[PDB]
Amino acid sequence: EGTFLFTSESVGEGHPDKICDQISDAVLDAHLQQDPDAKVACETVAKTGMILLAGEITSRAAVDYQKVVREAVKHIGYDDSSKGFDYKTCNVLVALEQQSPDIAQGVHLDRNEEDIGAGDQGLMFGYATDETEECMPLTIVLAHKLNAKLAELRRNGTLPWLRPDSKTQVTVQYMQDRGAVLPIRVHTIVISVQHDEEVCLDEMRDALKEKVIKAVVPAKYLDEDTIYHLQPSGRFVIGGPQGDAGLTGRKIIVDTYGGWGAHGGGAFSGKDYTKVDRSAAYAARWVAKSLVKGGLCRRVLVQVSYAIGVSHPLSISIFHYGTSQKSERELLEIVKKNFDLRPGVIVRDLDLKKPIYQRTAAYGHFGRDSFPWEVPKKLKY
């Protein structure tokens, strides 16, 4: 009684949608290295033999798109036709134009940086939960770590039949606790990973349990009843873009909270700070995490929204699930007094002209690596 199941998923660095996110952010970073004020809206599409860049960039940088794209694919591990994709020999097509002058004039032309308008309308959420030290849902943390473990064992050569494309999924049984949530046990794990033509199914399934799951998931969460779906399709030799087209911004729940909290729909990768889809979502995470680490809440969801061309958010809302002694109205006043959510101020607080974005584009944007939005602000109230 009072228990429920909840499932989240993650994907690996060579999952075709994630390839696109990483390439889009490699392009962003390449621009920002030369022009910190570059306006970038770079979408990537991947299919057999093809990376296409489409979108809008206005920048003083001189960027070699062939080199940037191919080096990103190399880093991911697609380096031979036997793996289904090769950075050395794939097609890289570019359909990039300047940013629309109508957008530019309405957003940032002749505006003081702090008073730049939002680059679009939209809604964004931030979420934090005390169930893990990194203030993230356990389901998504574990799912990400299973993909990272696969990449580790591929790159270190101990499971050399692995290829870069993978997906994982973790179902946890939770107990509710005064609006907070408490993980009890892992109910089901799925792992699917691209593999070579020689390794057999039983070798893979044994390795995925013993060398992947047991190396990631604490034994206290695994029991005789846990269900394992390891290579459930039976065969995954064809993978990467050859198996499934990829696009930027098609893993937005993997990028965020694994189904927990809420999402406003905007993708992160390929976008400079003036695109509030990214900057305001990062700021909202920073607010949520600051509220939890500051001891005001155990679990919290923050919504913000914007209109194109308008600097201040149109709305700010907080929901604490019953996990604060303060009302949400009081928390909102605390947030108002401690944070300025104009994009031209967020950029300063979170250092969003720095070319660190490719690092955000796999394994989730939140809960990792002490990025600026992961360092709580000390709140005055």
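The numbering used is simple: start at 1 and walk along the sequence shown.
When 237-245 is weighed against 171-179, 171-179 comes out higher, by mean CA B-factor as recorded in the entry.
According to the PDB record, 291-299 carries the higher mean C-alpha B-factor of the two stretches 291-299 and 226-234. Note on 270, 309, 126, 218: the highest value goes to 218, judged by CA B factor as recorded.
In this entry, the residue among 82, 139, 147, 279 with the greatest C-alpha B factor is 82. Residue-level temperature factors show residue 157 in the highest third of its chain, judged at the C-alpha atom. Placement of the Cα temperature factor of residue 106 within the chain: highest third of the modelled residues, per the deposited record. Remark: residue 358 belongs to the middle third of its chain, ranked by C-alpha B-factor as recorded. Sort the modelled residues of the chain by CA B factor and residue 74 lands in the middle third. Sorting the modelled residues of the chain by their CA temperature factor places residue 331 in the highest third.
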